[PDB]
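Below: the structure, in C-alpha cells.
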Amino acid sequence: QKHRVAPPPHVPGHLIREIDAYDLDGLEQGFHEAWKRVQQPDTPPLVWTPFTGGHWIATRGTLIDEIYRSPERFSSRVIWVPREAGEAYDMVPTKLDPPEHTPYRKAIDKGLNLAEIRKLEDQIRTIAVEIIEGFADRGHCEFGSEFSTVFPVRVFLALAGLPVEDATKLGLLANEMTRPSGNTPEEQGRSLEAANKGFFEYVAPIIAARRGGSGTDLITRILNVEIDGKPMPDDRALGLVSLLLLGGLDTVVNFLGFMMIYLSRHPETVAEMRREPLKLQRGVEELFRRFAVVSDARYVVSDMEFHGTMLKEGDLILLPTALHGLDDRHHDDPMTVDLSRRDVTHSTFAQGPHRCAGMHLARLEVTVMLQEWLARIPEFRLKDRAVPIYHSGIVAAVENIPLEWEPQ
Ligand code: HEM
C-alpha cells in the first residue's frame, strides 16, 4: 500500500508527479535508469510528489547545482525525506548552515584534505591488492560481497583506527540511515531515529577515549581541532564522528557496484583504461559524473518563486544528484562513459559549503581500485543472464554482481 499526503494549497495539480524516492518506478532496470525516467523532455523543473510525506523534486541539473550553492535560500536544517526522518537526523556538519557549519568543516578538512589523503595511497593499495589476490586466479567473484562491500570498509576502519569486526554493525546502522525501513513517514522517522542513536552509542566511548589522545587515526585528528578556541562540545562531536563513519563506510561501496556493472558491460571502455593508464587516472571524474548515488534535500527558508515555481517556507526539495550528471541538457549522451569528456560537471559530491569533504578519499579509492583490478583482472564480464538487485533512497545501493573472466 502506498502512503499519500494531500498537496498543500500552493502546489498546483499540473506539477504533481507520483515519484517514490525509496522505490522508484523502473528501479529493477537500474537506479540511474529509474531516475532518468523522471527527467522527460518537457517535465517541469520542480515537481511535487505525494509520497514520502509530500515533497518537491528538482528534475534538472542547473536547479540541483543552484540549490546546493544557496544555503541562505535552501537550508540544511532538514536534508532528508520524509520530514520526520530529516528532523531526527543528527549528523555534523551536514545539519548546519554557515556560519555554524564552517569551523566544523574546517576541523574535518584537517583530516580529509587532499594532501592528507595522498599519504594514504599506499595503505589503500595494499588493501585492494590483498582482496583482489583472493579471487583473481579464480575466474569469477560476486563483486558486491567479495569486493565493493569489503574494500572501502577496510580502508575507512583502518584510517579511523577501528576494528574491522565492527563492519557489520556499522553497515546495518548506515542502511537504516540512508534507506530507513517503513511504509509511512512516521515509521521511516522512527527507523532513522533508531539508527542515528545506534551511531551515537557506538561513537560516544571512542570520543571520550580520544579527546586529548595521542592516536594518529582520523578520529583523534579531527576530534581535537578546536572550535572557536575550545574543545568541540559532546553534542557536536557525536554527530561529527558518526557522519565520518556514515560517509566513509557506505557511499563508496555503492558507487563501486554501479560503476563495475557498467564496466562489465563495456569491455571497450575497460580496454581503453588498460591501454592508456593516464586515461584511467584522468577519467575517474567522468565515473563520478555517471554513477551518482546520493539524493538528499534542502529546506526552503522563505516563501519564494524559484524557476517559475511557488515555494513555501518549510517545503523540502529532494535533489537526486544523478539528474545533474546525467542531465542531457548538461552532457551529450549522458549515459555513456566517455573517459575523454572535457566537461564532466556534476553534483555527485553536491556543491556549495557542504560539497563532499571525502571527495579526495573517494577519488583515490576508486583510482587505486581500478589500477589494481585491471593489473590482475584486465578483462571481465557480467555473468550471462545475471540480474543485479537495486535499492533507492537517500543513498542508492546495488547487490548481486557476479563477474566472470579467464584468469591471466
Ligand atoms: C562515492 C563516494 C561519495 C559520494 C558520492 C559522496 C557524496 C556526498 C554528498 C552529496 C555530500 C553533501 C551532503 C549534503 O550536504 O547534502 C557529502 C558530504 C560529506 N561527505 Fe561525502 N560522499 C562520498 C564519499 C565520502 C567519504 C569516503 C567520506 C569520508 C568520511 C565522506 C564524508 C563526507 C562528509 C564529512 C560530508 C559533509 C561535509 C559538510 O557538511 O561540509 N564522503 N558527500
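Lettering and numbering for the C-alpha cells are positional, with chains as A, B, ... in the shown order, residues counted from 1 in each chain, and ligands counted from 1 in the shown order.
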Quiz item: ligand 1: which residues are within 6 Å, counting only C-alpha atoms and all ligand atoms, as an NGL selection string?
Solution: :A and (93-94 or 105 or 243-244 or 247-248 or 251-252 or 255 or 292-294 or 296 or 348-350 or 353-359 or 361-362)
Requested write-out: N, CA and C atoms of the selected residues, as a PDB file, in the first residue's frame:
ATOM      1  N   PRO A  93      28.920  18.078  10.055  1.00  0.00           N
ATOM      2  CA  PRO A  93      28.218  19.366   9.992  1.00  0.00           C
ATOM      3  C   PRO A  93      27.097  19.431   8.937  1.00  0.00           C
ATOM      4  N   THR A  94      26.601  18.284   8.483  1.00  0.00           N
ATOM      5  CA  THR A  94      25.575  18.298   7.443  1.00  0.00           C
ATOM      6  C   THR A  94      24.280  18.953   7.854  1.00  0.00           C
ATOM      7  N   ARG A 105      33.514  22.143   9.416  1.00  0.00           N
ATOM      8  CA  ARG A 105      34.062  21.720   8.144  1.00  0.00           C
ATOM      9  C   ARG A 105      35.574  21.914   8.154  1.00  0.00           C
ATOM     10  N   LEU A 243      29.032  11.003  11.365  1.00  0.00           N
ATOM     11  CA  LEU A 243      28.948  11.335   9.939  1.00  0.00           C
ATOM     12  C   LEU A 243      30.171  10.794   9.185  1.00  0.00           C
ATOM     13  N   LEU A 244      31.334  10.853   9.828  1.00  0.00           N
ATOM     14  CA  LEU A 244      32.544  10.317   9.215  1.00  0.00           C
ATOM     15  C   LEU A 244      32.329   8.846   8.878  1.00  0.00           C
ATOM     16  N   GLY A 247      29.548   8.424   6.019  1.00  0.00           N
ATOM     17  CA  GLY A 247      30.089   8.725   4.697  1.00  0.00           C
ATOM     18  C   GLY A 247      31.197   7.765   4.290  1.00  0.00           C
ATOM     19  N   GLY A 248      32.096   7.514   5.219  1.00  0.00           N
ATOM     20  CA  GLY A 248      33.260   6.696   4.956  1.00  0.00           C
ATOM     21  C   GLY A 248      32.981   5.262   4.563  1.00  0.00           C
ATOM     22  N   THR A 251      29.023   5.038   1.138  1.00  0.00           N
ATOM     23  CA  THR A 251      28.857   5.711  -0.139  1.00  0.00           C
ATOM     24  C   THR A 251      29.749   5.091  -1.238  1.00  0.00           C
ATOM     25  N   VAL A 252      31.021   4.867  -0.939  1.00  0.00           N
ATOM     26  CA  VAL A 252      31.939   4.339  -1.964  1.00  0.00           C
ATOM     27  C   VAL A 252      31.571   2.905  -2.305  1.00  0.00           C
ATOM     28  N   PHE A 255      28.784   3.196  -4.869  1.00  0.00           N
ATOM     29  CA  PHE A 255      29.334   3.780  -6.095  1.00  0.00           C
ATOM     30  C   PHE A 255      30.064   2.710  -6.899  1.00  0.00           C
ATOM     31  N   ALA A 292      26.299   8.716  -9.829  1.00  0.00           N
ATOM     32  CA  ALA A 292      25.835   9.372  -8.608  1.00  0.00           C
ATOM     33  C   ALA A 292      25.024   8.423  -7.721  1.00  0.00           C
ATOM     34  N   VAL A 293      25.093   8.596  -6.408  1.00  0.00           N
ATOM     35  CA  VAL A 293      24.325   7.728  -5.516  1.00  0.00           C
ATOM     36  C   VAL A 293      23.475   8.453  -4.485  1.00  0.00           C
ATOM     37  N   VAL A 294      23.739   9.744  -4.264  1.00  0.00           N
ATOM     38  CA  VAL A 294      23.020  10.483  -3.234  1.00  0.00           C
ATOM     39  C   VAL A 294      21.815  11.267  -3.793  1.00  0.00           C
ATOM     40  N   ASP A 296      19.494  13.751  -1.661  1.00  0.00           N
ATOM     41  CA  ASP A 296      19.120  14.313  -0.382  1.00  0.00           C
ATOM     42  C   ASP A 296      18.443  15.657  -0.585  1.00  0.00           C
ATOM     43  N   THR A 348      27.567  14.975  -7.988  1.00  0.00           N
ATOM     44  CA  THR A 348      27.731  13.738  -7.257  1.00  0.00           C
ATOM     45  C   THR A 348      28.251  13.920  -5.839  1.00  0.00           C
ATOM     46  N   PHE A 349      29.095  14.934  -5.687  1.00  0.00           N
ATOM     47  CA  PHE A 349      29.595  15.366  -4.396  1.00  0.00           C
ATOM     48  C   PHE A 349      28.873  16.637  -3.899  1.00  0.00           C
ATOM     49  N   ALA A 350      27.701  16.929  -4.466  1.00  0.00           N
ATOM     50  CA  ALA A 350      26.979  18.182  -4.219  1.00  0.00           C
ATOM     51  C   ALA A 350      27.777  19.422  -4.633  1.00  0.00           C
ATOM     52  N   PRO A 353      28.868  24.910   0.345  1.00  0.00           N
ATOM     53  CA  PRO A 353      29.700  24.711   1.548  1.00  0.00           C
ATOM     54  C   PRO A 353      29.864  23.247   1.983  1.00  0.00           C
ATOM     55  N   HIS A 354      28.863  22.421   1.684  1.00  0.00           N
ATOM     56  CA  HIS A 354      28.840  21.024   2.101  1.00  0.00           C
ATOM     57  C   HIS A 354      29.427  20.085   1.069  1.00  0.00           C
ATOM     58  N   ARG A 355      29.944  20.610  -0.045  1.00  0.00           N
ATOM     59  CA  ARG A 355      30.482  19.742  -1.089  1.00  0.00           C
ATOM     60  C   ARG A 355      31.426  18.716  -0.458  1.00  0.00           C
ATOM     61  N   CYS A 356      31.223  17.451  -0.810  1.00  0.00           N
ATOM     62  CA  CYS A 356      31.753  16.317  -0.045  1.00  0.00           C
ATOM     63  C   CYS A 356      33.155  16.486   0.500  1.00  0.00           C
ATOM     64  N   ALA A 357      33.297  16.408   1.823  1.00  0.00           N
ATOM     65  CA  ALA A 357      34.613  16.504   2.443  1.00  0.00           C
ATOM     66  C   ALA A 357      35.497  15.291   2.146  1.00  0.00           C
ATOM     67  N   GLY A 358      34.863  14.191   1.769  1.00  0.00           N
ATOM     68  CA  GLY A 358      35.553  12.953   1.497  1.00  0.00           C
ATOM     69  C   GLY A 358      35.876  12.757   0.030  1.00  0.00           C
ATOM     70  N   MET A 359      35.671  13.784  -0.787  1.00  0.00           N
ATOM     71  CA  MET A 359      35.807  13.615  -2.232  1.00  0.00           C
ATOM     72  C   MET A 359      37.207  13.186  -2.663  1.00  0.00           C
ATOM     73  N   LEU A 361      39.341  11.381  -0.850  1.00  0.00           N
ATOM     74  CA  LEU A 361      39.460   9.988  -0.468  1.00  0.00           C
ATOM     75  C   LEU A 361      38.663   9.096  -1.430  1.00  0.00           C
ATOM     76  N   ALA A 362      37.451   9.515  -1.790  1.00  0.00           N
ATOM     77  CA  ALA A 362      36.632   8.746  -2.726  1.00  0.00           C
ATOM     78  C   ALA A 362      37.351   8.580  -4.066  1.00  0.00           C
TER      79      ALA A 362
END
Report as a Markdown table the residues of range 117-195 of chain A within 9 Å of range 45-61 of chain A, each with its shortest atom pair and distance in Å (one decimal), using only C-alpha atoms, ordered by chain and increasing residue number.
| residue | atom | partner | partner_atom | distance |
| --- | --- | --- | --- | --- |
| A:183 | CA | A:52 | CA | 8.5 |
| A:184 | CA | A:52 | CA | 7.3 |
| A:185 | CA | A:53 | CA | 5.6 |
| A:186 | CA | A:53 | CA | 8.8 |
| A:188 | CA | A:52 | CA | 9.0 |
Self-check item: Those in range 184-372 of chain A with helix (DSSP H, G or I) from DSSP, as a PyMOL selection string
Solution: chain A and resi 185-210+218-223+234-265+267-275+277-290+322-325+352-354+359-372
Exercise. Write out as a list in words which residues come within 8 Å of residue 38 in chain A when counting only C-alpha atoms, dropping same-chain ones fewer than 4 positions away.
Key: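 Surrounding residues, per the criterion: residues 19, 34, 43 and 59 of chain A.
Atom pair CA of residue 175 in chain A / CA of residue 195 in chain A: separated by 8.4 Å.
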Quiz prompt | Residues within 12 Å of residue 271 in chain A, only C-alpha atoms, excluding chain neighbours under 2 positions, as number ranges by chain | solution = A: 263-269, 273-277, 279-280, 339, 370, 374-375, 377-380
Restricted to N, CA, C and O atoms, what would the selected residues look like written as a CSV table (one decimal), in the first residue's frame?
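The resulting file, part-v9.csv, is shown below:
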chain,number,residue,atom,x,y,z
A,263,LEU,N,31.1,-1.1,-16.3
A,263,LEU,CA,32.4,-1.5,-16.9
A,263,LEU,C,32.3,-3.0,-17.4
A,263,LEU,O,32.9,-3.3,-18.5
A,264,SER,N,31.6,-3.8,-16.7
A,264,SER,CA,31.5,-5.3,-17.0
A,264,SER,C,30.7,-5.4,-18.4
A,264,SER,O,30.8,-6.4,-19.0
A,265,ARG,N,29.9,-4.4,-18.7
A,265,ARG,CA,29.1,-4.4,-19.9
A,265,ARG,C,29.7,-3.6,-21.1
A,265,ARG,O,29.2,-3.5,-22.2
A,266,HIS,N,30.9,-3.0,-20.8
A,266,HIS,CA,31.5,-2.1,-21.7
A,266,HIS,C,33.0,-2.4,-21.8
A,266,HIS,O,33.9,-1.6,-21.3
A,267,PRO,N,33.3,-3.6,-22.4
A,267,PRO,CA,34.7,-4.0,-22.5
A,267,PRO,C,35.6,-3.1,-23.3
A,267,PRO,O,36.8,-3.0,-23.0
A,268,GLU,N,35.0,-2.3,-24.2
A,268,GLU,CA,35.8,-1.3,-25.0
A,268,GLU,C,36.4,-0.2,-24.1
A,268,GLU,O,37.5,0.2,-24.2
A,269,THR,N,35.5,0.2,-23.1
A,269,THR,CA,35.9,1.2,-22.2
A,269,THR,C,37.0,0.7,-21.2
A,269,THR,O,38.0,1.4,-20.9
A,273,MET,N,41.1,2.0,-20.7
A,273,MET,CA,41.7,2.2,-19.4
A,273,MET,C,43.0,1.4,-19.3
A,273,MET,O,44.0,1.8,-18.7
A,274,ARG,N,43.0,0.1,-19.8
A,274,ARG,CA,44.2,-0.7,-19.7
A,274,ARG,C,45.3,-0.2,-20.7
A,274,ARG,O,46.4,-0.2,-20.3
A,275,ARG,N,44.9,0.2,-21.9
A,275,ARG,CA,45.9,0.6,-22.9
A,275,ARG,C,46.5,2.0,-22.5
A,275,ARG,O,47.6,2.3,-22.9
A,276,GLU,N,45.7,2.9,-21.9
A,276,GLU,CA,46.1,4.2,-21.5
A,276,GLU,C,45.9,4.5,-20.0
A,276,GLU,O,44.9,5.0,-19.6
A,277,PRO,N,46.9,4.2,-19.2
A,277,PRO,CA,46.8,4.4,-17.8
A,277,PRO,C,46.5,5.9,-17.4
A,277,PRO,O,45.8,6.1,-16.3
A,279,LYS,N,44.5,7.8,-19.1
A,279,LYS,CA,43.1,7.9,-19.4
A,279,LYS,C,42.3,7.4,-18.2
A,279,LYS,O,41.2,8.0,-17.9
A,280,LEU,N,42.7,6.3,-17.6
A,280,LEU,CA,42.1,5.9,-16.4
A,280,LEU,C,42.2,6.9,-15.3
A,280,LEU,O,41.1,7.3,-14.8
A,339,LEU,N,35.7,8.6,-21.4
A,339,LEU,CA,36.9,9.0,-20.5
A,339,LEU,C,37.6,10.3,-20.9
A,339,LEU,O,38.2,10.9,-20.0
A,370,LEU,N,40.7,0.7,-9.5
A,370,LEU,CA,40.7,0.4,-11.0
A,370,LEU,C,42.1,0.0,-11.4
A,370,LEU,O,42.3,-1.0,-12.2
A,374,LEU,N,42.5,-3.8,-12.8
A,374,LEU,CA,42.9,-4.1,-14.2
A,374,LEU,C,44.3,-4.7,-14.3
A,374,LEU,O,44.6,-5.4,-15.3
A,375,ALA,N,45.2,-4.5,-13.3
A,375,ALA,CA,46.5,-5.1,-13.3
A,375,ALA,C,46.4,-6.6,-13.2
A,375,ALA,O,47.3,-7.4,-13.7
A,377,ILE,N,43.1,-8.5,-13.3
A,377,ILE,CA,41.9,-9.0,-13.9
A,377,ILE,C,41.6,-8.0,-15.1
A,377,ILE,O,40.7,-7.2,-15.0
A,378,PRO,N,42.4,-8.0,-16.1
A,378,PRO,CA,42.3,-7.0,-17.2
A,378,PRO,C,41.0,-7.0,-18.0
A,378,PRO,O,40.6,-6.0,-18.6
A,379,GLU,N,40.4,-8.2,-18.2
A,379,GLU,CA,39.1,-8.3,-18.9
A,379,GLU,C,38.1,-9.1,-18.0
A,379,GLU,O,38.5,-9.9,-17.2
A,380,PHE,N,36.9,-8.7,-18.1
A,380,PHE,CA,35.8,-9.3,-17.3
A,380,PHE,C,34.4,-9.0,-17.8
A,380,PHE,O,34.2,-8.0,-18.5
